[PDB]
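This document opens with one chain alone, in structure tokens, the form deposited in one PDB entry.
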């Protein structure tokens, strides 16, 4: 369906006008469905904009401002959903599109297919050379009129004698089609003729070819496999014949305005829908490898707000005023973003720079559900020792195609992400880190969940330069690489380990403490038993049950330093197993027989 994302710049631009045109091409060329905004600003009058003809729908707003071109080639644009509005008011805004000191500017709109706007108003203002913005019945296009919708040029002429008088241009091929204000009284939606029989389906937005939920030009609410519907088919159907709720077949999962058979692995399954986070009345659980959510019991784990979610919905970066919200957090529900205005302060506002000591609050975070976006870091922090216990990131929200993004940090020489084990979805982008040494050693397919994931590495410190005249991975470290220097920064090791540190051998028969190898990670056995001499094994496994020799007496299967006497009494030998006492012992016990009660 050729989906692309909006720019979110508003009126601001690059200072070089040719690069502003080239960026517009890179964002929207060959795209059909725009998520976010369609924003066209400061384009020169000689530039070719015919690449915009493929656009069919815009989810946010359409903004056209300060341009010098004559014509908008948006002949296929049908619907503007308006789920974000310009200045929180306008879904379509067109203004100031002419040169103050010349004859250049916007002359015709070309918007013949534009049939509805679901939310917000229309703003047309000060377009000195624009014809046919007026004479358009904008109340047919806007779904919720407010008798917003401001319209305000001469010498444009009558459209054509054969036209109804509502028109986008200078000929009869540009006449506006009315679809809602010229209808039979019985209709809820829009029409394909003036008769009660040429009325179309209530769930279809911006016009129809026929009366069915298959026969629609664009859909509002959900697209169920080519039919447009109020909600996806559910796991149960109500039976008003019997007052019972009956199990249903063909039930589909709701996912981002589509109905699907399988919910993607990044999202939580809840009541036949895929969600980024579960509501506060319930708890997120995993069963059979599937993420899902069930009612909360006792005290449930809670995730903290990320940048762009919850109480931080308005935040652009971690900064000196919002960083305190992360002090006791173990999971972030949203993105974690570090921009220049957050790290070094924002003098236009009251927010000062972050003291590097404050960043230590993120040492308790194990999961980030959105992407990690690092574009600024304090001048002399040489690594990411903050996040050393971070386990997994991303896959529910991405920045473009990325879950991990590190741009242009010159003070950093190593990463040191000790605990990072998996990235559930999205790509990795690490560039321009001219002093970063270890990056070239990492085997990144061990962190990815699928064969569809990729990593972009370029323009960092040369791998041959740092290898020859710089730092390398520890001698115990495997071919999968290391995050930084030493025995505790390696992704996976040869020999053995204890905690985060890789080692040659595990003190099974030699040392002030004694262990059992237990596969790759070595563990201590119960200290109440003996530590063996002459190179002999101390324990066969964990617990007092697995000791090879005992320095004290015993009970049952194991070595025992103290037996539970005085409970009831129980007798113990100094060098043999403990014995049950004779009945009716009241002061102490010397054994299991009649004279042993003290």
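Residue numbers count along the first chain shown, from 1. Note that the rigid core is defined as the largest set of C-alphas that superpose within 1.5 Å between two forms.
Counting the deposited residues that fall between residue 567 and residue 568 and carry no coordinates gives a value of 4 to 9.
Counting the unmodelled positions of the deposited sequence between residue 147 and residue 148 gives a small gap of 1 to 3 residues.
Although it is not shown, the form deposited in another entry is what the next lines describe.
Taking the core as reference between the shown form and the other one, the lone member of 452, 314, 241, 328 whose Cα moves by 2 Å or more is 241. For residue 578, a C-alpha deviation of 2 angstroms or more is recorded between the shown form and the other one after rigid-core alignment. With the core held fixed, the Cα of residue 170 is displaced between the shown form and the other one by less than 2 Å.
Once the rigid core is overlaid between the shown form and the other one, residue 587 counts among the residues whose Cα shifts by 2 Å or more.
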